Amino acid sequence: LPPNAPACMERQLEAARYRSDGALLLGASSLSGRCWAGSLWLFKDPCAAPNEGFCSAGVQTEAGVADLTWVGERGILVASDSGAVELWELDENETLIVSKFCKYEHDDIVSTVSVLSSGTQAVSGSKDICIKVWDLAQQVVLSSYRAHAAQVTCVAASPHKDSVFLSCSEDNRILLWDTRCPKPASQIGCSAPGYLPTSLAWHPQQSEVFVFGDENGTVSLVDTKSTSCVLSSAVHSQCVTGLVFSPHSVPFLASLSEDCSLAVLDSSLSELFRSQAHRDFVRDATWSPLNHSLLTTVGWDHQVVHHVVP
Amino acid sequence: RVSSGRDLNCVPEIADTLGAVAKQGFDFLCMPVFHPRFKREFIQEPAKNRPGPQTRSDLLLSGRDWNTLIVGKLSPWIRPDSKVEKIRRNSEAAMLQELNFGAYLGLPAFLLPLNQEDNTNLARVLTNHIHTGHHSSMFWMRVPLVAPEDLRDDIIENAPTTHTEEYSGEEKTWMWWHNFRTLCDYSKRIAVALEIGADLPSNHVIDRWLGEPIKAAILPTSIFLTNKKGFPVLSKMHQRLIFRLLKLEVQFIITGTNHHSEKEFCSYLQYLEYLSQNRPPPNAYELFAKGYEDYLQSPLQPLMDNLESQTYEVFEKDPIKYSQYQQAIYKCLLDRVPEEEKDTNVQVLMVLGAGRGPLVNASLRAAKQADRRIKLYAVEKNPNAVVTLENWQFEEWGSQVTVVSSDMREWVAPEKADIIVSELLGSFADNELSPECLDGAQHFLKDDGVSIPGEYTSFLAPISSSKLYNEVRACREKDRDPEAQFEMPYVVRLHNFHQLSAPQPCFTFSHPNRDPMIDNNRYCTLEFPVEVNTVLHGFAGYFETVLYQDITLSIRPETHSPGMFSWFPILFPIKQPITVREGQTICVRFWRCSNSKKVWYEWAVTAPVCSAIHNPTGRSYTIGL
Ligand SMILES: CSC[C@H]1O[C@@H](n2cnc3c(N)ncnc32)[C@H](O)[C@@H]1O
Ligand SMILES: CCn1c(N)nc2cccnc21
């Protein structure tokens, strides 16, 4: 365990995010026992995780980590139980992780963060039902939207548009946002109201299509243009928690669920691979930037698993 | 002053959090019992076999703390009414699990959301927990004044917020509560935590909650303004609501993060304390009537029963009442003896029901004020009280007062009276049988004689109170009709309630009663125009009496005798609450019925729907003759 690094890492592995160079960001919460808190870890050897004494850097957070994102190559933006979005800065040598800002702006658990293509703004979502837009450089809220009527599940910034992002909520609304419009939110999605939406991922190339997953284990491919529901497969036996596209030319879709399984899908939403490796809830997936056939999953069973995708 | 608590959905260490919020001045803390994000599987492998512990140890506080400082919170992922079968099944198991844990810990309350319209399966699961062992702990149902869907910013281009006037629609949150509670059959353990937003709705929407069991009001940090010196404060209208809620003595809950940074969370709290300490301090009645609020009592029946010495003590402790009686007799004397006759003319004044004598003394104070001459009889059937009278007449009054220990209906008077004075009146005027008593006595009033009082009139007003309906319902007793509670009047300081319509006169009596054939039975029909949506639970009764000419007594709110604490309102319940819609008329029917033995009231609501006739034949309630 490096300087400023905890002897022990919280059990519930919540977030897994490869940097450009192949180094691994871990968020983890304590969701049980005396202390309900969380931690951030850097693993420059990704094969050494989750083991705490084989880590490049680690730190204790006041509260649990609901969501995580890299900001470029040294920033960590953190969605807290505390109602705070917090910005953790890396060290020069990259041996410790240090608080840069911690802002108590939400009235409930911050459930979801995304960095906008800019790199200088992010959007959080919360159980307080609000969606906030953040100047990271200035450490403030620019916008704050009560679009929804229930808790916000997911917020995903468009790849290339710093004024565009998706949100979804238990109010059964998927919102396409564009902050340039005086009414920024536009309610999008299939013909009929279906099952609550639980997960969102923009296609990395075609920035007018995205996939959403619902609480009934169906993954669905949507076109903003034709504003109608293209393809959908019943992939999981429980709520789809995360959707992650590979870095590939024609990219693969990694699908994770509370059914504890991983699926990897082609463009037509057909099943290629599937991993039972986990024996609790699967929480995140990142594709190695170094090996685009490597897919790394974490779960509440505290397993860091490296998948080879054929 | 104010009892208030902190609502949190983040507790890293329960030790520190509790200390912190105590440091800040909170009486208690609302918090999760399981980690809000810790979704649990009960059916599907492998997640089901998740190695424990399932939450943090009960050893982390004292029994006493769990009992007094902690309110539990249902986890927010728990959705018993989910349309997804598997989410519904886990949410049932988890809701049970979490409720059973609160009960294990002996928590004094536990918070559950009504955050949508359909809470049927939630209701079903709660009702089961309640029907598993008899416990005291409360369920605080977290309901918004204004549904979140009707609070949302108008920022969805293709989904605009309708600004069409919406009478019933704006009341939808009351219907969520109403339906939930009706499913749970009005359990006394299920109450309201009213969540208040930046936008107060219409006053009709607030009026919906008047009669309801509100235990807590949740105030988000959000809704506090900032003043010049950066202190959190509230809009004049938020303040009005707080003042209304202080009168109902609820507990306040501060929820959300600090939005007034260079100030502690005690700044919110100090504001509330500030508002309570800066409320109009309570009048004499409001202090007298304080402990008695929504407390149901049997009406006195001082004809059929001999009142206790301390009952007469409290009658005597109402000087405004006797000032009025002094003044009525005062005036009646002057009207009856001219100044040229003052010394040749001595008026026979008979107190009929003289108790321990304050009416006798008032008569005495009246005569020396009027400078006119009076002979008293003090007639009392309670022989215990006669003891007080006869010790008074020996030691003080001397023979100006003849004490008569008999029933006024039976007594043979040595002579006829110029004036009879009585205070034979209950909260519904004639409910102590003043008519029958005075009718029986009238043969010994001179053909030109005055009764004080000359007249009394009862009034009724329909009320909403789910609180009082529930209190009545809980007065079931072994070895009588299971519904007898509902077929009898209660005297009560009506407090948590809504008057649905202005009172209207019910029954009136006049003394002396000239009628050739006197008949004290009655049948009245009353129509109460109602300008709100509501639920009828019963009828408040009040009365007015004319002592003499312009001198009166009243508990009718519009004409209440000021600073007179005698006679709380009366309450006629109904067995089944009746939904009433704005514009509809409530029609109620009241009878006064009798034998030689007993007098009673019967009553029926006939609009907007019919009730059963209440108390047919006096089968649940009668007044002895
Ligand atoms: C001061 S409360 C009314 C009083 O009137 C007395 N009272 C009631 N009815 C009668 C009656 N019919 N004859 C004489 N006293 C009565 C009661 O015992 C009580 O003290
Ligand atoms: C003393 C007058 N009185 C009667 N007759 N019944 C009463 C109930 C309450 C207060 N005063 C009362």
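Just so you know, ligand 1 is whichever comes first in the structure, and atom 1 is the first atom listed for that ligand. Note: hydrogens, waters and symmetry copies are ignored here, and every other heavy atom, side chains too, is used. Protein chains get the first letters and strands the later ones, always in sequence-line order, with residue 1 at the start of each.
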S.K.: Roughly how far, to the nearest 0.5 Å, is the NZ atom of B:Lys342 from the CG atom of B:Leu334?
M.R.: 11.0 Å
S.K.: Is it true that a side-chain atom of B:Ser427 and a backbone atom of B:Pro569 form a donor plus acceptor pair closer than 3.5 Å?
M.R.: no
S.K.: Can you name the closest pair of heavy atoms from B:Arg473 and B:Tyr186 and give their distance?
M.R.: NH2-O, 3.3 Å
S.K.: Could you state the interatomic distance from NZ (B:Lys416) to CD (B:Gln442), rounded to the nearest 0.5 Å?
M.R.: 11.5 Å
S.K.: Does the gap between the ring centers of B:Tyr469 and B:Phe486 come in under 6.0 Å?
M.R.: yes
S.K.: Once ring pair (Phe, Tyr, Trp, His ring centres under 6.0 Å) is applied, do any residues pair with B:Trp600, and if so which ones, sequence neighbours excluded?
M.R.: none
S.K.: Enter the distance from B:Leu433:CG to B:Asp439:CG here, rounded to the nearest 0.5 Å.
M.R.: 10.0 Å
S.K.: Are any side-chain N or O atoms of B:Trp177 and backbone N or O atoms of B:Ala191, one a donor and one an acceptor, separated by less than 3.5 Å?
M.R.: no
S.K.: Could you tell me whether some N/O pair between B:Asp305 and ligand 1 is separated by less than 3.5 angstrom?
M.R.: no
S.K.: In the protein, what heavy atom is nearest to atom 6 (N) of ligand 2, and what distance, to one decimal place, separates them?
M.R.: B:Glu432 OE2, 2.5 Å
S.K.: Decide whether a cation-pi geometry holds between B:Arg522 and B:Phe509; the criteria are a distance under 6.0 Å from NZ or CZ to the six-membered ring centre and an angle within 45° of the ring axis.
M.R.: yes
S.K.: Where is the nearest protein heavy atom to atom 4 (C) of ligand 2: which residue, which atom, and how far?
M.R.: B:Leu425 O, 3.0 Å
S.K.: Counting non-hydrogen protein atoms only, what is the nearest one to atom 3 (C) of ligand 1? Give residue, atom name and distance.
M.R.: B:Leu424 CD2, 4.0 Å
S.K.: B:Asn615 side chain to B:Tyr601 main-chain N or O, any donor-acceptor pair under 3.5 Å?
M.R.: yes
S.K.: Does either side chain, that of B:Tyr295 or that of B:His495, offer a donor lying less than 3.5 Å from an acceptor on the other one?
M.R.: no
S.K.: Say whether B:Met408, considering both its backbone and side-chain N or O atoms, lies within less than 3.5 Å of an N or O atom on ligand 1.
M.R.: yes
S.K.: Judging by distance only, is a nitrogen or oxygen of B:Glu423 under 3.5 angstrom from one on ligand 2?
M.R.: yes
S.K.: Measure the distance from atom 9 (C) of ligand 2 to every protein heavy atom, then report the residue, atom name and distance (to 0.1 Å) of the closest one.
M.R.: B:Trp567 CD1, 3.8 Å
S.K.: Of all the heavy atoms in B:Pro302, does at least one lie under 4.0 Å from an atom in ligand 1?
M.R.: yes
S.K.: Counting only nitrogen or oxygen atoms and a 3.5 angstrom limit, does B:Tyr322 reach ligand 2?
M.R.: no
S.K.: For atom 12 (N) of ligand 1, what's the nearest protein heavy atom and its distance?
M.R.: B:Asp407 OD1, 3.1 Å
S.K.: Can you tell me which portion of B:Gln301 lies within the under-4.0 Å heavy-atom range of ligand 2? Options are side chain, backbone, both, or neither.
M.R.: neither
S.K.: Look at atom 16 (C) of ligand 1 and say which protein heavy atom is nearest, naming residue and atom and giving the distance to 0.1 Å.
M.R.: B:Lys381 CG, 3.6 Å
S.K.: To check your reading of the model: name the closest protein heavy atom to atom 5 (O) of ligand 1, its residue, and the distance in Å.
M.R.: B:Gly353 CA, 3.1 Å
S.K.: Please state which part of B:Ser406 comes within less than 4.0 Å of ligand 1, counting heavy atoms only: side chain, backbone, both or neither.
M.R.: backbone
S.K.: Under a heavy-atom criterion of less than 4.0 Å, does B:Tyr312 contact ligand 1?
M.R.: yes
S.K.: For atom 11 (N) of ligand 2, find the nearest protein heavy atom and state the residue, atom name and distance (0.1 Å precision).
M.R.: B:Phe315 CE2, 3.4 Å
S.K.: Identify the closest protein heavy atom to atom 2 (S) of ligand 1: which residue and atom is it, and at what distance?
M.R.: B:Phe315 CE1, 3.5 Å
S.K.: With only distance considered, is B:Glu380 within less than 3.5 Å of ligand 1 through an N or O on each side?
M.R.: yes
S.K.: Quick test: of every protein heavy atom, which one is nearest to atom 9 (N) of ligand 1, and how far off is it to 0.1 Å?
M.R.: B:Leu303 CD1, 3.3 Å
S.K.: Between the main-chain N or O of B:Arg189 and the side-chain N or O of B:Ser187, is there a donor-acceptor pair closer than 3.5 Å?
M.R.: yes
S.K.: With a cut-off of 4.0 Å, which atoms of ligand 1 are near a heavy atom of B:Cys437?
M.R.: 9 (N), 12 (N)
